[PDB]
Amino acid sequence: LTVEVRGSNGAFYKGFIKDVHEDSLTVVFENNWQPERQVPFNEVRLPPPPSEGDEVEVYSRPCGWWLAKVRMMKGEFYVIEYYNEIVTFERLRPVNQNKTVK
């Protein structure tokens, strides 16, 4: 089961739940950078289900989701802020509204 985990950097890394505990879960990450870990539930959420000025998330770097504002859009391009960077549609999304686990 797929999940997103808050890194110590406040960004969210994709993963899945390999095991459940009384007070932890065991996540493996969908990346070779990070190993299996027991995690507190308040650090874990579900991934989300299926415009300028917007508050969005963005895919960056091990890569994961950071909170960003679209400063300006032109052509294929979005100027975003977190630092500042020019990205394309595929690296962006509205904020994952999901809450962490209870």
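Numbers for residues come from their place in the sequence shown, where the first is 1.
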Practice item. Going by the record, give me the number of deposited-sequence residues missing between residue 82 and residue 83 as none, 1 to 3, 4 to 9, or 10 or more. Key: 4 to 9
Revision key, fill the gap. Deposited residues missing from the model between residue 61 and residue 62 number 4 to 9
Revision key, fill the gap. Residue 54: C-alpha B-factor third of its chain, per the entry, is the highest
Check your understanding: Taking the entry's C-alpha B-factors for this chain, is residue 68 in the lowest, middle or highest third?
Key -> lowest
Review point. Is the Cα B-factor recorded for residue 98 in the lowest, middle or highest third of its chain?
Key: lowest
Point to revise | Modelled-residue ranking by C-alpha temperature factor, third containing residue 43 | key: middle
Check your understanding: Would the CA B-factor of residue 17 place it in the lowest, middle or highest third of its chain?
Key -> lowest
